[PDB]
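Residue numbers begin at 1 in each chain, while the letters A, B, ... track the order of the sequences.
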Amino acid sequence: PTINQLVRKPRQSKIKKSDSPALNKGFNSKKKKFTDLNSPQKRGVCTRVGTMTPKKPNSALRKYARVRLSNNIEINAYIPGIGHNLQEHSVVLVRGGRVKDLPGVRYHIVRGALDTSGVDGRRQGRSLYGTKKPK
Amino acid sequence: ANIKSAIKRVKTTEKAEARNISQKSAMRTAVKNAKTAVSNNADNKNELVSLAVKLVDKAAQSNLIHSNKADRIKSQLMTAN
Amino acid sequence: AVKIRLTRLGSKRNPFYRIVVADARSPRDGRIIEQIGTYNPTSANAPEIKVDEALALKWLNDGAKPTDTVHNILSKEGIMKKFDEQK
Amino acid sequence: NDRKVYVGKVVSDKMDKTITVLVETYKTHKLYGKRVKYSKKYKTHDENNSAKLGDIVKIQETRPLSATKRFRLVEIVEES
RNA sequence: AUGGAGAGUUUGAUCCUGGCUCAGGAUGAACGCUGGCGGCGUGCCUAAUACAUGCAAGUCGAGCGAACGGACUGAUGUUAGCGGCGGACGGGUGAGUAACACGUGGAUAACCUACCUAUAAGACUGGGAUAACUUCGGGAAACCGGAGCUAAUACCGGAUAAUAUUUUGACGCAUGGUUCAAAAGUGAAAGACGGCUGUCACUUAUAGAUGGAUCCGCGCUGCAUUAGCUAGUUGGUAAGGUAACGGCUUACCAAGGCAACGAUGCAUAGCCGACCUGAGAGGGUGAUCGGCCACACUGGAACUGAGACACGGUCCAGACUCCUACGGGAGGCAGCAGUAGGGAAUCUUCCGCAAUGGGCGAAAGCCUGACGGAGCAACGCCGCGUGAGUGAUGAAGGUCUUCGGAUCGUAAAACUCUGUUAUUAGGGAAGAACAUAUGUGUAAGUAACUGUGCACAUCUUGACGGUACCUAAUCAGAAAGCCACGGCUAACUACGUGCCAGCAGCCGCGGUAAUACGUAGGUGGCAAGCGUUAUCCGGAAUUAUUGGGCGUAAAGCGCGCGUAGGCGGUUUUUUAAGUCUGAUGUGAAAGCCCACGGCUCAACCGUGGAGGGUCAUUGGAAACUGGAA
């Protein structure tokens, strides 16, 4: 635009909508209010453990878990790895990162953490997927 | 709480309050009497005014009122006189 | 009141001091009025000291009161001597 | 010392011993650099209210008079 | 000149447009796997949630009365108290606050200021009490109330005293100013010394310094699907009171005042120096350090005081928690540790006043969870390690194999070699300058002396800490892991599975011959760290001022008339608001950059510059923009 049009109407940049919104909100049990926190991870309770069919191009039974976080927020989280020991009423640690196939899963359950075991036979890539150094 | 210095400071505060309020009460009585005598031009206006100026400056020395407040009262009294 | 004192400017076990005119109520490493000089007590052998003369004698005449060791520092430059000469 | 002086235009004389002086000045834009005209209204004291709406007058600051006025009328130069 | 990199992805194929994603740098980070050391830092970002328990503000017996108590008349203590000063500092937190709160620049001829400094004038004369103590009562504590005594630098009354107030004459609007010549009325202390005086208590005036207070220009979040806001509101006149101006408050007048240049309202937020990112312009942020502000369980109020409407002060209300003989009482960690709770997440219920700073004191000293140090945590930055020289890129063993070999690989034994580290066994800093005391002179003032200021040299002391650090022996021994290897993007093979199990940032892979899944070898990237997640800038010219566009990709209002605003033909004269060029003042310090110096280097530290403003005042220029003719 012209300089005068810019002076009257300064340029407005676009706002950035962030992924993993449920990690950006805290809770205050005393005031019954939601806060803004920007947490790396959040801890929740598994209210449902099951398996989800993936998007159309792919075909594989993917394990997931419905997790109610520390907030009053109920999200769906992926379970990386082969074997998992999670049933209902399991405390998990949930990080960011979505699954492309699974529609409605925007988070990942951290393996090898509070009440979540690692992958039994993992030998290369043990930082991810939990599990300690064999021998 | 109750630090030893604080517990004593309460006793010396009421002690100073009792002495202070008696003195300004006497001052304010004199000031009211002085300006009411000036208004009707009584025969005793002059020493009542002098009694008020005396008590006003005595309290301003005791930090009961500020010095600048004493002049406003004093200036008011002698101007009407 | 106004005090001529030392402000710590050193790291762990390596203190450096500035000779500063500051109010007594101010924090040690906080608000100041004027910087006068420096004091390094950990230099090679003798503690190297640097003091200005015009401002130091200006604040002393204005009623600034040196602390115990600023007195020593001002004495090693004869500042307290010349302050005494002008009675 | 010196108290600041402004020259503006009388835009209100509906109050006694008080006029409103419009001191228009210029402020550049931080980003684009264009100078934009902006105006500021000053409430000034004048015991003898000889200023009438439309006069350019001389204004100098002073101690607080009333809740808003901080200026006095120094010189009236226009007629309108 | 010191500074600017792209790539993948729409199609049968292409060029555009356009979005998405990745490669970089960061954090008070958390999580996963690992983990040797040191030095500098950093460490509840959430519940301004609730707090068990310890400490965080006392000092002066040279101000003075003790039942004082008591060496030996009684040194010394403060048992306890009156009195003075301090408790308004220091420390903590960011709830509230969109405001002259904060930054910057000014103004106050509308202002207060204890201690500190200097100059003067002084410090006269009397009086009555009361703490403490004794003895009676109450009350469950907390405490409270009677009598009888006693001091003070405690309190009160007179004397005298200013530039204090009233009336008098001799500028920048409210004026300021210092002479005059009258009136009223305003003080004080003693203590410990020496031969009358010294010191440090005092009182009154001045100034200075310091610390506060108020006002103003400019700057400083989002929302217009928040458009009309206010009625002490806005101005005036009186009065009051405030350190001080002022609707600050109250009466009476008038109807005023602000607002598309965003009144008001709503939501959010402590502000700044500064930090991160970027080539820059900019964008994001407001941990630690420093300046300002506000707050102290929530909410009102005042007292004392120079200064508070007061974190470890008072009164009241409220919500909690505790005691009670039920009438009544006590409490406030957003001080340092620490506990419970919330959370992904953030530490010892430590040592010392040895240094610096602060309070009080003549000082010795006392207090100081300020501070100086230790404890824990790879949380970060920096530095050093975990071995080296020769030695067959052949043992034996894995993995492939074209079965010939190849690769791990000079890697290993193998000999020599070192001790950074580690162990033990001896030395062992700096930080220390003092204050006081002691002597010695000098200066001022002294009748003189004591005493004070100054000059010198003596004596003293360290938490850290037997800790840095050094020196001897001894051993390669006790010291590496993490992630990747399809392309972006450095690193490929075999086996297992067979659109399953699973991987994935995107393109996507996996359906019996996956360099994309799991494992094994090898490789590569880093390394006491390596990856993942969370958030910001970049790349993004993807808000384009620098630096984009609107024929068909998104975008010209259906078209006029027009108001504010924005812009505006040629010449001359003038002005100087912009513009340009100087000079002053300031833009604190700490930060960034440059240089230099000290830690064995570095991190780090310290010095000196530089830089930083729509800044203020004041000259100069007059082409352009602006004003006037």
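In terms of the salt bridge (charged side-chain N to carboxylate O under 4.0 Å, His left out) criterion, residue partners of A:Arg62 (sequence neighbours excluded) are, by chain and number, A:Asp101. Qualifying ring-ring contact (aromatic ring centres under 6.0 Å, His included) partners for A:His84, counting only residues two or more places apart in sequence or in other chains: none. Residues that satisfy the salt bridge (charged side-chain N to carboxylate O under 4.0 Å, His left out) test with D:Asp55, not counting sequence neighbours, are D:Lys52. Applying the side chain to side chain contact (heavy atoms under 4.5 Å, CB included) rule to D:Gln60 yields the partners D:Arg3, D:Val5, D:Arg72, D:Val74; only residues at least two apart in sequence or on another chain are considered. For the ring-ring contact (aromatic ring centres under 6.0 Å, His included) test, no residue two or more places apart in sequence or in another chain qualifies with A:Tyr129.
Across all strands shown, the partner of E:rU59 is E:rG84, judged by Watson-Crick or G-U wobble contacts whose two distances both fall under 3.5 Å. As the counterpart of E:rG502, E:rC509 is assigned, both hydrogen-bonding distances of the Watson-Crick or G-U wobble pattern falling under 3.5 Å. Base pairing of E:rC261: no nucleotide in any strand meets the Watson-Crick or G-U wobble criterion (both distances under 3.5 Å). Both distances falling under 3.5 Å, in either a Watson-Crick or a G-U wobble arrangement, place E:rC40 opposite E:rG380. Under the Watson-Crick and G-U wobble criteria, each requiring two contacts below 3.5 Å, nucleotide E:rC102 is paired to E:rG219. Checking E:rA610 for Watson-Crick or G-U wobble geometry (two distances, each under 3.5 Å) identifies no partner in any strand. Across all strands shown, E:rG148 is found opposite E:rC133 as a Watson-Crick or G-U wobble partner, with both distances under 3.5 Å. The base-pairing partner of E:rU153, taking Watson-Crick or G-U wobble contacts with both distances under 3.5 Å, does not exist among the strands shown.
Each side-chain hydrogen bond (donor to acceptor under 3.5 Å, both in side chains) pair with one or both residues in residues 56-73 of chain C, not counting sequence neighbours, appears once here: C:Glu34-C:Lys58, C:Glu34-C:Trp59. Residue pairs meeting the side-chain hydrogen bond (donor to acceptor under 3.5 Å, both in side chains) criterion with at least one member in residues 103-114 of chain A: none, sequence neighbours excluded. Every pair passing side-chain hydrogen bond (donor to acceptor under 3.5 Å, both in side chains) that includes a residue from residues 29-52 of chain B is listed here, sequence neighbours excluded: B:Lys45-B:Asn81. Among residues at least two apart or in separate chains, side-chain hydrogen bond (donor to acceptor under 3.5 Å, both in side chains) pairs with a member in residues 10-21 of chain A are A:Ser18-A:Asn24.
Taken together, E:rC31 and E:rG531 qualify as a Watson-Crick or G-U wobble pair under the 3.5 Å criterion applied to both distances. If you check E:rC248 against E:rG240, you find a Watson-Crick or G-U wobble pair, both contacts below 3.5 Å. Using the rule of two distances under 3.5 Å, E:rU203 and E:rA121 count as a Watson-Crick or G-U wobble pair. A canonical Watson-Crick pair (purine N1 to pyrimidine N3 plus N6-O4 or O6-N4) or a G-U wobble (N1-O2 and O6-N3), each contact under 3.5 Å, is present between E:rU314 and E:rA301. Base pair annotation for E:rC517 with E:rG496: paired, by the Watson-Crick or G-U wobble rule (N1-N3 plus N6-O4 or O6-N4, or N1-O2 plus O6-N3, under 3.5 Å). The base of E:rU234 does not engage E:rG18 as a Watson-Crick or G-U wobble partner with both distances under 3.5 Å. With the cut-off at 3.5 Å for both distances, E:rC258 forms a Watson-Crick or G-U wobble pair with E:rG228. E:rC384 and E:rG36 are base-paired, meeting the Watson-Crick or G-U wobble geometry with both donor-acceptor distances under 3.5 Å. For the criterion of Watson-Crick or G-U wobble pairing, both bonds shorter than 3.5 Å, the nucleotides E:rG505 and E:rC488 count as partners.
Ring geometry, D:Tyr6 versus D:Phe71: the interplanar angle exceeds 60°, so the pair is classed perpendicular (tilted spans 30 to 60°).
Note on A:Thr2: nothing from the nucleic acid sits closer than 4.0 angstrom, heavy atoms only. At the heavy-atom level, C:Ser43 lies nowhere under 4.0 Å from the strands shown. When heavy atoms are screened at a 4.0 angstrom cut-off, A:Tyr129 is found touching the sugar-phosphate backbone but no base atom. Using a 4.0 Å heavy-atom criterion, one finds that A:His108 contacts no nucleic acid atom at all. Across all strands shown, C:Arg31 has heavy atoms under 4.0 Å from sugar-phosphate atoms exclusively, and none from any base. Nucleic acid contact class of C:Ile32 (heavy atoms, under 4.0 Å, all strands): none. Residue-level contact check: B:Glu17 touches the backbone only, with heavy atoms under 4.0 Å from sugar-phosphate atoms and none from bases. As judged by a 4.0 angstrom heavy-atom cut-off over every strand, A:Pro10 is placed among residues making no nucleic acid contact. Contact annotation for B:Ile21: no contact, since no heavy-atom pair falls under 4.0 Å across all strands. Within the nucleic acid shown, A:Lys63 comes within 4.0 Å of sugar-phosphate atoms alone, with no base atom in reach, counting heavy atoms only. Within 4.0 Å of D:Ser39, counting heavy atoms only, lies at least one base atom of the nucleic acid. Contacts of D:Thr68 with the nucleic acid, taken as non-hydrogen atoms under 4.0 Å apart, involve only primed sugar atoms and P, OP1 or OP2. Across all strands shown, A:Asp36 has no heavy atoms under 4.0 Å from either base or sugar-phosphate atoms. Using a 4.0 Å heavy-atom distance criterion, A:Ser70 is classed as a sugar-phosphate-only contact.
Across C:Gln35 and C:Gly37, no two heavy atoms sit closer than the pair NE2-O, 3.4 Å. Taking every heavy atom of both residues into account, D:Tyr32 and A:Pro10 meet most closely at OH-CA, 3.9 Å. Nearest heavy atom pair, residue D:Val11 against residue D:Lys41, reads CG2-CD, 4.0 Å.
Nucleotide E:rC44 carries a south sugar pucker, as its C1'-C2'-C3'-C4' torsion angle is negative. The pentose of E:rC347 belongs to the south class of puckers. Its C1'-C2'-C3'-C4' angle has a negative sign. Nucleotide E:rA164 carries a south sugar; the sign of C1'-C2'-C3'-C4' is negative.
Taking a 4.0 Å limit (strictly below) on heavy-atom distances, residues 2-13 of chain C reaches RNA chain E at C:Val2, C:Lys3, C:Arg5, C:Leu6, C:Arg8, C:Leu9, C:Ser11, C:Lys12, C:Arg13. Within residues 86-96 of chain A, the residues that place at least one heavy atom under 4.0 Å from RNA chain E are, in residue-number order, A:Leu93, A:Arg95, A:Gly96.
Using a 90° window around 0 for the glycosidic torsion, E:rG597 falls outside it and is classed as anti.
Neighbours E:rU17 and E:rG18 form a stacked pair of bases, judged on six-membered rings within the 5.5 Å and 30° limits. Bases E:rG373 and E:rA374 qualify as stacked neighbours, criterion being ring centres under 5.5 Å and ring planes under 30°. Bases of consecutive nucleotides E:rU393 and E:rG394 are unstacked, their six-membered rings not being centred less than 5.5 Å apart at a plane angle below 30°.
Using a 4.0 Å cutoff to heavy atoms of chain B, the contacted part of RNA chain E runs 5' to 3' from E:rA57 to E:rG332.
Counted by atom type alone, A:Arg48 and A:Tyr64 present one or more donor-acceptor pairs between their side chains at under 3.5 Å.
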Evaluate the criterion salt bridge (charged side-chain N to carboxylate O under 4.0 Å, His left out) for residue pair C:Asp84 and C:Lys87; output intermediate values, then yes/no. CA-CA 6 Å; C:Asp84 181 39; C:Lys87 306 243 147 181; 3.3 Å; yes
